[PDB]
Every structure is written in structure tokens, then in C-alpha cells.
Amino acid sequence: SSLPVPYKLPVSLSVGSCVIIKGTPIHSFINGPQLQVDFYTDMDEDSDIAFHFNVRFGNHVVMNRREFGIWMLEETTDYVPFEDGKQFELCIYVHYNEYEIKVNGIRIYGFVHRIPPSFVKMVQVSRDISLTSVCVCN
């Protein structure tokens, strides 16, 4: 891996920001690897989470937020167009109303803001991947 995992990146996000994560699962899909991305409101990992994204590769995605320390109503999709063994590109685009999530150029979900994305101060990329690059673009 080019970057350490878990990777904690201090960020400032605004409408129009894009978070681009490139990496490779470290296990084949029959071994149940996961990839997790958390949009934290502080560097402290017990702070609130505006957007939590966990992919069980070959299975499904779970998304949520944590508000006042409490996990809210979980959202899911079974659309996980990742390829076994290959590098992926995960793009999270900050729109005025939602985070748009794209996997290898394919839009899979739009997670609507329940707090403004300007409250996000750290992005954590974790679990069973090797990281090639993380970019934040405007």
C-alpha cells in the first residue's frame, strides 16, 4: 500500500468537492473483504459521522450516520460493481443535497445530507484494502 490503512485524512469539504479513493482489496471476494469510508466531524474517531459507507465486496453496501453518538437509520444497496482482485476507483461527490457515490464510474447511490457537508473535517478509509491514492478535488 502507498498509504497506511486506516488512513485518516484531514479534509475541508464544500458543495462541489469530490473525494476520489483508489485501492485494491487485499483478499479475494470468497474471503469476505470489506472497505469502509467514514466522513468524520473531527479527528477523534468517537465524533459524529455525517456519512458512513461500508461495502461487503460481492455482497452489499451499508450506509448510515452517527448523530449525538447514536447510529441512525441504516440504508443499504445490493449494487456493488467492484471486480474481484482488481483496483477500484471510489468517487464521492458532494452535491448540495447529497453525497453521490460512484464505483468505477458507476453511480450506485445518493446519500442525503442530514448535517451540512462543511461539518466534515476528516475522512477515514479503512478495512481490507491497499490504498493507491486519495484525492480531494474542487
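Just count from 1 along the sequence shown to find any residue number.
Of the two stretches examined, 85-93 and 46-54, the record assigns the greater average C-alpha temperature factor to 85-93.
Comparing 24-32 with 75-83, the higher mean C-alpha B-factor in the PDB entry belongs to 75-83. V103 sits in the highest third of its chain by CA B factor, as recorded in the PDB entry. Compared with the other modelled residues of the chain, the Cα B-factor recorded for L9 ranks in the middle third. When the CA B factors of the chain's modelled residues are split into thirds, the value for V123 lands in the lowest one. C135: CA B factor in the middle third of modelled residues in this chain (values from the PDB entry).
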